[PDB]
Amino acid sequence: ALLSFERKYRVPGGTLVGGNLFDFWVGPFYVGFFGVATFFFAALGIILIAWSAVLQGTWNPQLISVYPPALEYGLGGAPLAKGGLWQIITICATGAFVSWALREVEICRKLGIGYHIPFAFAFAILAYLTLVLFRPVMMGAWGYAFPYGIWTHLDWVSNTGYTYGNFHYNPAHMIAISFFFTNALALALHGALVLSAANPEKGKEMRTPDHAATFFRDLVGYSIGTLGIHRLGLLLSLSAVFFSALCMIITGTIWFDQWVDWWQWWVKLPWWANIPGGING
């Protein structure tokens, strides 16, 4: 079935691979070659997870956990029950995410739109691969990666962080957080602004974008504009993920001590290091 306005856009073309071979839909879903790839990678991944479930011995969604190889294994392969499944599931997951992106690219070409969405999604993929591929490789073992389990992955977040003290002190992490918080602020504001204009007080006519600009100028003395706010939200959300990936790629590689102690470089600068008073003299 189609939305009322949809048929006119369902023309041939846009595919990157396969010509017309996979150029069709299933219900709402576009397929394409990268849709077949996504199905394959995702189905195999899910099957292997369900299998890894049995080798654990359990069917509860909030117990199933697939652990990477132990540190002993370095960057080598591991028997399926002792990390090998995690390694295969990880390749499947990467294959499915990249395939999903590339299928997004095909949909953009068919629709004649910009490639911004899959570009954006690639940042999430890069963050994932930071945690499961890049960071582990730079550190010498698959075992530094997170396990795939609902609760077990939080265990890993918590142990990984407390390895360096309070992880708050990671300065890339501060920047990342700042972006996440700011993005939520901006998303709240933007949503609310558009809706306050489209849904005014009871009598009244729909407000215009000029009213929206006027509201924000009255409030904070500035209006970024309708193009600007979408640029901003994209930048804030991508910046949060970029700095997320940065904050972890540097941790256990370039810096592996207690993150609080990093800040000593500032307090030790020679012009004020030895001055009496304050918290540090």
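Don't overthink the numbering: it's just position in the shown sequence, from 1.
Novice: Hey, which bit's got the bigger mean C-alpha B factor in the entry, 80-88 or 100-108?
Specialist: Averaging CA B-factors over each stretch, the winner is 80-88.
Novice: May I ask you to compare 237-245 and 57-65 by their mean CA B factor in the entry and name the higher one?
Specialist: Looking at the record's C-alpha B-factors, the answer is 57-65.
Novice: Which of these has the highest Cα B-factor in the record: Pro171, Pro118, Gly191, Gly140?
Specialist: By C-alpha B-factor in the record, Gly140 ranks first.
Novice: Would you mind checking which of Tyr73, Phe179, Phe123, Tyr164 has the top Cα temperature factor in the PDB entry?
Specialist: Each of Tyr73, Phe179, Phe123, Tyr164 was compared by C-alpha B-factor; the highest is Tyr73.
Novice: Is the Cα B-factor recorded for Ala50 in the lowest, middle or highest third of its chain?
Specialist: It falls in the top third of the chain.
Novice: Using the temperature factors of the C-alpha atoms in this entry, rank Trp266 within its chain: lowest, middle or highest third.
Specialist: Top third by C-alpha B-factor.
Novice: Which third, lowest, middle or highest, does the C-alpha temperature factor of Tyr30 belong to within its own chain?
Specialist: Bottom third by C-alpha B-factor.
Novice: Should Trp272 be placed in the lowest, middle or highest third of its chain by the C-alpha B factor in the entry?
Specialist: Within its chain, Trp272 is a highest-third residue by C-alpha B-factor, going by the deposited values.
Novice: Would the CA B-factor of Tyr9 place it in the lowest, middle or highest third of its chain?
Specialist: Lowest third, going by the recorded CA B-factors of the chain.
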